[PDB]
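# got a sequence here, can you model it:
(2 chains, ligands or ions: 2)
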Amino acid sequence: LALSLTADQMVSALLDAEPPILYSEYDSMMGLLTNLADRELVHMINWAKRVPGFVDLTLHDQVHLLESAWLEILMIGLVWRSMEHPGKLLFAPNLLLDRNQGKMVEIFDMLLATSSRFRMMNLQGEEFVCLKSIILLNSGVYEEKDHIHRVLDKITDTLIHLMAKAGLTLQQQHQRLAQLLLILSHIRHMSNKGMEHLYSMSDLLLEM
Amino acid sequence: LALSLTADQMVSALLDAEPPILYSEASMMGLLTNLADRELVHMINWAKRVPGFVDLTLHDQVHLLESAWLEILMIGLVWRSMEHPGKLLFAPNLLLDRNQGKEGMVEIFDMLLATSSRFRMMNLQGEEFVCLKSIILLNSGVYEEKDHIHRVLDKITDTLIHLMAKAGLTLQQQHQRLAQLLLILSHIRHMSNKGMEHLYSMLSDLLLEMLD
Ligand SMILES: C[C@H]1CCN(CCOc2ccc([C@@H]3c4ccc(O)cc4CC[C@@H]3c3ccccc3)cc2)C1
Ligand SMILES: C[C@H]1CCN(CCOc2ccc([C@@H]3c4ccc(O)cc4CC[C@@H]3c3ccccc3)cc2)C1
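Numbers count the residues shown, from 1 in each chain, chains lettered A, B, ... in the order given. Ligands and ions are numbered 1, 2, ... in the order given. Shown next is the structure:
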């Protein structure tokens, strides 16, 4: 029944679905980020459940979707809040790191670049939550399958609706749509590069 | 001077630019490498006939091909594999199913097969296909020169939209399908990444000499 949402209801539903911005433990850099990510993962699951259409999926469908998307969700979230701090990544309000402290400057330079990209594009928060939802439903998808594609189509409708209300021309609307979606493919890329470094060292999702 | 180009002529240019289909020559990893290596040459010549590409500095052209070359091979493979369900047409004389796919390679195979199915379900057209392939070339390595590329990318999106509108898809159906196509590109990024991993655990000089 979640496919009956109007575009504005979809946005409002996504905005209040938003997870908090966590802080880093006050009182060895990888640990701080690992600790942060672990705590971040917990609200991400309660977030995903509030994504329209998500809970309709069988629970092992939900688990496959989250296992594929989670690092991308983390990455776009980080990049999102890092937007208004050029040359730096805001992992937490008390943990704002620069280029030099990165040394993973391979992945960080990528993360910074994406942040610059969102900034030049002047990405709005309303567009942001759509993109994050898109990532959840799309990264893992390669009755159940088509429902997902129907949900994805609704988010597309919503994104366009946002751009029309913003006063962008029809041409500008599908161009901006194209630009944002291509950016997702470089978030996929980052996740992957992030993943293999992440094993230069899967089931709590059902439990959660 | 390639941006001064109507959507129809744009599709024309890309279509005629299409590379030929090549024939097949760890028996198999030696077969796919020879084929891919041969396929790689025609890709350079294809890339140069892609609108906006030769206006780029040579250093950037190499960089784009370095980032994208595997993605190009994969989507092309996926493309000609459409009408052959459950199989991969690496070549007219080399048609494989996933059984023959079996080290580390069956997972990549299955990914390529799903992509092929998705194109089949969506019923991807040739006009659209060549548009996507261009987007990959210019998008994959995108991270005066770095906005020219974004103009071309916008021009190709117009072209895609142009095609869906002519087809009779409504404005809503148009942007829905545009999105459906571009999201598939992120799967192809993923396949390429896992592909690079799988190849290291077993190009520039060519690209530079190749782009004589
Ligand atoms: C999925 C859980 C399994 C146990 N945990 C492993 C650590 O997971 C991460 C994921 C991301 C990071 C870094 C980070 C942390 C918080 C955040 O909001 C965003 C990011 C962006 C990725 C970043 C990173 C990138 C590449 C290698 C390591 C860490 C660190 C650890 C997380
Ligand atoms: C950069 C060039 C110089 C070194 N060469 C290494 C060979 O790279 C490849 C690329 C693709 C493949 C397989 C293939 C062959 C032909 C084709 O038209 C498409 C593809 C898609 C990928 C496929 C592959 C890629 C990676 C691991 C296993 C299989 C195999 C070897 C390529």
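
# and the residue lying farthest from the centre of chain A, helix, strand or coil?
What lies farthest from the middle of chain A is residue A:27; by CA atoms, centre = their mean that is 29.2 Å. With DSSP: H, G, I helix; E, B strand; the rest coil as the basis, residue A:27 sits in coil.

# ditto for the one 4 residues further on
Recorded secondary structure, residue A:31: helix (three-state DSSP).

# how many neighbours does it have?
Using other CB atoms under 10 Å in any protein chain shown, residue A:31 has 9 neighbouring residues. Quick note: C-beta positions are derived from backbone N, CA and C, even for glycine.

# likewise for residue A:203?
8.

# and chain A, which residues reach chain B?
Within chain A, the residues that sit near chain B (CB under 8 Å from any CB of the partner chain) are A:110, A:113-114, A:134, A:138-139, A:142, A:149, A:152-153, A:156-157, A:159-160, A:170-171, A:173-175, A:177-179, A:181-182, A:184-189, A:192-193, A:196.

# drop anything exposed from those residues.
Applying 16 or more other CB atoms under 10 Å in any protein chain shown to the residues of chain A next to chain B, the neighbour count classes A:110, A:114, A:134, A:138-139, A:142, A:149, A:152-153, A:156-157, A:159-160, A:173-175, A:177-179, A:181-182, A:184-189, A:192 as buried.

# from these, which are also near ligand 1?
Under the cut-off given by CB under 6 Å from any ligand atom, ligand 1 has nothing from those close to it.

# closest residue of chain A to ligand 2?
residue A:192 (14.4 Å; CB to the nearest ligand atom).

# so that residue touches residue B:193, yeah?
Yes - taking contacts as CB atoms under 8 Å, residue A:192 lies within contact range of residue B:193: 4.2 Å.

# verify the stated contact: residue A:11 with residue A:127.
No - using CB under 8 Å, residue A:11 is not in contact with residue A:127; the gap is 9.5 Å.

# shared neighbours, the two?
Residues within reach of residue A:11 and of residue A:127 at once, by CB atoms under 8 Å, 6 or more residues apart in numbering or on different chains, are residue A:162.

# which stretches in chain A count as strands?
With strands called from DSSP state E, chain A shows them at A:88-92, A:95-98.

# most packed of those strands?
Of all the strands of chain A, strand A:88-92 has the most neighbours on average by mean count of other CB atoms under 10 Å in any protein chain shown, namely a mean of 19.

# what's that strand packed up against?
Of the remaining helices and strands, those touching strand A:88-92 by 3 or more CB pairs under 8 Å, 6 or more residues apart in numbering or on different chains; DSSP states H and E are helix A:29-49, helix A:59-81, strand A:95-98, helix A:105-120.

# ok now the lengthiest helix in chain A, how far from the chain's centre?
In chain A, taking DSSP state H as the definition, the longest helix is helix A:170-197. Computed by CA atoms, centre = their mean, to the nearest Å, the chain-centroid distance of helix A:170-197 equals 11 Å.

# before we move on, what about stretch A:159-171?
21 Å.

# one more: stretch A:150-164?
With CA atoms, centre = their mean as the basis, stretch A:150-164 stands 16 Å off its chain's centre.

# likewise for stretch A:184-199?
Stretch A:184-199 has its C-alpha centroid displaced from the chain centroid by 13 Å (CA atoms, centre = their mean).

# list the contacts of that stretch.
Residues from elsewhere that reach stretch A:184-199 (CB under 8 Å, 6+ apart): A:71-72, A:75-76, A:79, A:104, A:106-107, A:110-111, A:114, A:131, A:134-135, A:138-139, B:139-140, B:142-143, B:182-183, B:185-190, B:193-194, B:197.

# same question, stretch A:34-54
Contact partners of stretch A:34-54, identified using CB under 8 Å, 6+ apart, comprise A:2-3, A:5, A:10, A:13-14, A:17-20, A:22, A:24-25, A:55, A:62, A:65-66, A:70, A:73-74, A:77, A:91-92, A:95, A:133, A:136-137, A:147-148, A:150-151, A:154, A:205, A:208.

# mind redoing it with 7 Å?
Applying CB atoms under 7 Å, 6 or more residues apart in numbering or on different chains, the external contacts of stretch A:34-54 come out as A:2-3, A:5, A:10, A:13, A:17, A:19-20, A:22, A:24-25, A:55, A:62, A:66, A:70, A:73-74, A:91-92, A:133, A:136, A:147, A:151, A:205, A:208.

# looking at the strands of chain A, which is nearest to ligand 1?
Closest among the strands of chain A, once you apply CB to the nearest ligand atom, is strand A:88-92, at 5.3 Å.

# would you agree residue A:90 is in contact with residue A:79?
No - at 9.3 Å, residue A:90 and residue A:79 do not qualify as touching, with contact defined as CB atoms under 7 Å.

# one step back: of the helices and strands packed on strand A:88-92, which stretch is the most buried?
Comparing the helices and strands packed on strand A:88-92 by mean neighbour count (mean count of other CB under 10 Å), helix A:59-81 comes out on top with a mean of 20.

# give me the residues contacting that one.
Residues outside helix A:59-81 that contact it (CB under 7 Å, 6+ apart): A:21, A:37, A:40-41, A:44-45, A:48, A:54, A:89-91, A:111, A:114-115, A:118, A:128, A:131-132, A:135-137, A:139-140, A:144, A:187-188, A:190-191, A:194-195, A:202, A:205-206.

# got a list of what residue A:33 touches?
Shown in contact with residue A:33 (CB under 7 Å, 6+ apart): residue A:91.

# please repeat the previous calculation with a cut-off of 10 Å.
Applying CB atoms under 10 Å, 6 or more residues apart in numbering or on different chains to residue A:33 gives the contacts A:24, A:40, A:74, A:78, A:91-92, A:95, A:97, A:104.

# fine by me, we can end here.
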